[PDB]
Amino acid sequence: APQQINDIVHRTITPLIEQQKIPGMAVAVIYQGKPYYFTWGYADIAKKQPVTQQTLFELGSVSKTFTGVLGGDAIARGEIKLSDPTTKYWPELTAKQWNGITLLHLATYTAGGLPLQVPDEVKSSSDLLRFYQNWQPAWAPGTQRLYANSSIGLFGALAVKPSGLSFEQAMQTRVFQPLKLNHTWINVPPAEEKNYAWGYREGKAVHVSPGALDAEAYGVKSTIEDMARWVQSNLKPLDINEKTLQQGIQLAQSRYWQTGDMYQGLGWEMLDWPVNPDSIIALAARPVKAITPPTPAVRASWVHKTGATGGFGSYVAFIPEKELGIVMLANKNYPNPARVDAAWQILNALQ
């Protein structure tokens, strides 16, 4: 832990924890390709359990990066094509609004207005089909971006259909295991419960609730160590031995659409580096310009993903061209601006 990294990290995170009243936090900085860990506070306030490098945190929306890479891997395997109509994988989706909506639109939130959340009412596979059949797009496909769990969630569920594997089995065997993310789970096993941090919302300990397509959109839990490893894998995909996976990682970081200064990948979001911090709301509908054809992963990019659950807030960002990256996991959902400002403060300093 070079003193410079210790210094920038502690000087940035200590005040953050104090201002945001965060009970527990873990950070990993990947510098010149190697990880450095830092931990503060509590994983469980009541039982006085501290945050350690083995504490599991709910990644919330950061889970989408895993879904995007798993989708990229299925593409790489030839199991699906992003240009394929959604109906090719869900024939029961006969409603006419689906004509022209492809797996690319689902993966990138450009299907035409799918909702941020699947309604809680949807439980069964039957209610889900009914939800998508009855959904009425406000816009034609590929014209506007509206971040949506019901959009990338459907993408994740359909991308694994050809494999015959459940989404969780596919994720475990095709992404977690090959990358040695041995403490990353969609469902936390009883043996690992001792390490599962509690999230805190209004001072109350809470864990994420089950919901339709939760695994695919916001259901992964992981340790600061596994997330540092996930960041290393995304920083340098070429070191990954599994060909299809190496490929999927690259596909998830290609630039499919542009909205202002940001580009939409599969899961990951990117901005050209260098980026102004200030340049990095329940619903923000934004027109998008298609990148035809998609730009392959650009090394000079700030690649990132923010995510939260009712009780946790997380952020991951990295710059391929600098072999630099960071992961910040907390068991309190605090403002996104504060997460990005802290990450930029640290990475700019190490830049």
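Between two forms, the rigid core is the largest collection of C-alphas that superpose within 1.5 Å. The first residue of the shown sequence is 1; numbering continues from there.
Taking the root mean square of CA deviations in 9 other deposited structures of this protein after fitting on the rigid core, 283-291 and 304-312 differ, and the farther of the two is 283-291. According to the record, the deposited sequence contains 4 to 9 residues between residue 280 and residue 281 that were left without coordinates. Stretch comparison (113-121 versus 262-270) by mean CA B-factor in the PDB entry places 113-121 on top. With 216-224 and 242-250 compared on mean CA B-factor from the PDB entry, the stretch scoring higher is 242-250. When the C-alpha B-factors of 105, 183, 77, 255 are ranked from the entry, the top spot goes to 77. Residues shown: 91, 199, 141, 190. Highest C-alpha temperature factor in the entry: 91. Looking at the C-alpha B-factors along this chain, the one for residue 286 belongs to the middle third.
Sort the chain's modelled residues by C-alpha temperature factor and residue 298 lands in the highest third, per the entry. Ranked by Cα temperature factor within the chain, residue 151 sits in the lowest third according to the deposited record. Among all modelled residues in this chain, the alpha-carbon of residue 15 has a temperature factor (C-alpha) in the highest third. The PDB entry assigns residue 40 a C-alpha temperature factor belonging to the middle third of its chain's modelled residues.
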